[PDB]
Amino acid sequence: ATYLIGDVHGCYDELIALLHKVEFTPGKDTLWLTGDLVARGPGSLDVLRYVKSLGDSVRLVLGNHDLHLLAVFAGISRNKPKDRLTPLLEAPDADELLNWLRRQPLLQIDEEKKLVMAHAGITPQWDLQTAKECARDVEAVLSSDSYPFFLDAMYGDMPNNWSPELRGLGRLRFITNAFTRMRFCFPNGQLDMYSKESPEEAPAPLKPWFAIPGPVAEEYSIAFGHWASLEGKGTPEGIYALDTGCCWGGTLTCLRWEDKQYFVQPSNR
Ligand SMILES: [Mn+2]
Ligand SMILES: [Mn+2]
């Protein structure tokens, strides 16, 4: 069976309880994770140890808190007490876990399932070929020896409009924001980097990225996490918002692909 779970955010106990509920069995089953494996919850260290141990039985995409963790590790960004990352950063296997983390994809595609996964979704300004090229470009910088330079360059809210003519720092920053921070779009598909509210509470003319017809979403199902205030609700057919805010006292959600059956684990917070 194929299981898809939203943002774990260090909620190790809930993750294991949910996987036990569905009898997740490596070798028989595959797990997809929407990223943001770490921060806020208490068990980022155990989460990374477990997910890394799953090997080919897990298909992960990186989220914005995963990238921030890598930025802290690399000395680029300051550790925020509320993220609760110190046990992981101080762990003796921190290097092994974080060097594995930075080699993971931004984008997962399964053609037989016609299924796409990224942390925040697929901007309607991208077709599938472009999304693939952009993921490959940022994965290449993240997996390279020079990744701290990229991580430093990633921060920024501009440019917020895609063009194949984008070059250099602006190009990387857009790609990063689109894959890992996107929620709302302007009518022309340009990213808004400020509103984190639910679609009903957002100011006009902002609409959810998935409310704008895009070429990927017209052909593929898209699973994503990230947007907790969406509460997994309000999406079109073929769009699966899996982040139901476990670290926030919400729930951890697991979707079984074959029958589209949902399983839920209540937060322990
Ligand atoms: Mn996120
Ligand atoms: Mn998140």
# chains A, B, ... in the order shown; residues from 1 in each chain; ligands from 1
call {"tool": "residues_near_ligand", "arguments": {"ligand": "ligand 2", "cutoff": "8 Å", "atoms": "only C-alpha atoms and all ligand atoms", "output": "short mmCIF file (atom, residue, chain, number, x, y, z; two decimals) with N, CA and C atoms, in the first residue's frame"}}
result
data_model
loop_
_atom_site.label_atom_id
_atom_site.label_comp_id
_atom_site.auth_asym_id
_atom_site.auth_seq_id
_atom_site.Cartn_x
_atom_site.Cartn_y
_atom_site.Cartn_z
N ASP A 7 2.97 17.15 7.54
CA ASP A 7 4.14 17.65 8.27
C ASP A 7 4.26 17.02 9.66
N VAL A 8 5.38 16.36 9.91
CA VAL A 8 5.55 15.66 11.19
C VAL A 8 6.01 16.62 12.30
N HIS A 9 6.83 17.60 11.96
CA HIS A 9 7.33 18.58 12.91
C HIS A 9 7.75 17.97 14.24
N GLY A 35 7.44 16.65 4.14
CA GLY A 35 8.53 17.51 4.62
C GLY A 35 8.13 18.22 5.89
N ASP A 36 8.97 19.19 6.30
CA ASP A 36 8.93 19.73 7.66
C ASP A 36 8.89 18.58 8.67
N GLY A 63 10.92 20.52 3.27
CA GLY A 63 10.10 21.67 3.61
C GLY A 63 10.95 22.84 4.08
N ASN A 64 10.27 23.94 4.41
CA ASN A 64 11.03 25.14 4.77
C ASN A 64 11.71 25.00 6.13
N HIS A 65 11.12 24.23 7.05
CA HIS A 65 11.80 24.06 8.34
C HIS A 65 12.95 23.09 8.22
N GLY A 225 1.94 19.64 1.95
CA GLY A 225 1.76 19.87 3.37
C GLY A 225 1.73 21.37 3.64
N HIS A 226 2.58 21.83 4.57
CA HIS A 226 2.97 23.22 4.77
C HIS A 226 1.87 24.13 5.31
N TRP A 227 0.69 24.13 4.68
CA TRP A 227 -0.29 25.19 4.90
C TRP A 227 -1.25 24.75 6.01
N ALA A 228 -0.80 24.91 7.25
CA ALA A 228 -1.54 24.34 8.38
C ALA A 228 -2.90 25.01 8.57
N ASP A 243 -1.32 18.64 5.61
CA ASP A 243 -0.84 19.20 6.88
C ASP A 243 -2.00 19.65 7.74
N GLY A 245 -1.69 20.10 11.11
CA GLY A 245 -1.20 20.83 12.27
C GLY A 245 -0.92 20.02 13.52
#
call {"tool": "select_by_dssp", "arguments": {"residues": "stretch 43-120 of chain A", "states": "alpha helix (DSSP H)", "output": "MDAnalysis selection string"}}
result
chainID A and resid 44:53 64:73 86:89 94:101
call {"tool": "residues_around", "arguments": {"residues": "stretch 196-210 of chain A", "least_positions_apart": "6", "cutoff": "10 Å", "atoms": "only C-alpha atoms", "output": "list in words"}}
result
residues 120, 121, 122, 123, 124, 125, 178, 181, 182, 183, 184, 185, 186, 187, 189, 190, 217, 222, 227, 228, 229, 230, 231, 233, 234, 235, 236, 238 and 239 of chain A
call {"tool": "atom_distance", "arguments": {"atom1": "atom CA of residue A:50", "atom2": "atom CA of residue A:244"}}
result
21.2 Å
call {"tool": "closest_residue", "arguments": {"among": "A:156, A:266, A:105, A:170", "to": "residue A:142", "atoms": "only C-alpha atoms"}}
result
A:105
call {"tool": "residues_around", "arguments": {"residues": "residue A:40", "least_positions_apart": "6", "cutoff": "9 Å", "atoms": "only C-alpha atoms", "output": "list in words"}}
result
residues 9, 10, 11, 82, 83, 84, 85, 247 and 248 of chain A
call {"tool": "residues_around", "arguments": {"residues": "residue A:136", "least_positions_apart": "4", "cutoff": "10 Å", "atoms": "only C-alpha atoms", "output": "PyMOL selection string"}}
result
chain A and resi 105-107+130-132+140-142
call {"tool": "write_last_selection", "arguments": {"atoms": "C-alpha atoms", "output": "JSON list (two decimals), in the first residue's frame"}}
result
[["chain", "number", "residue", "atom", "x", "y", "z"],
["A", 105, "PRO", "CA", 14.37, 15.85, -3.11],
["A", 106, "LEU", "CA", 12.20, 18.90, -3.35],
["A", 107, "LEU", "CA", 9.78, 17.07, -5.67],
["A", 130, "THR", "CA", 9.93, 23.27, -15.52],
["A", 131, "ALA", "CA", 9.12, 22.01, -12.02],
["A", 132, "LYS", "CA", 11.45, 19.08, -12.65],
["A", 140, "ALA", "CA", 22.20, 20.09, -6.95],
["A", 141, "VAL", "CA", 23.19, 23.10, -4.86],
["A", 142, "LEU", "CA", 21.91, 21.51, -1.64]]
call {"tool": "select_by_dssp", "arguments": {"residues": "stretch 52-184 of chain A", "states": "strand (DSSP E or B)", "output": "ChimeraX atom specification"}}
result
/A:58-60,107-110,115-118,184
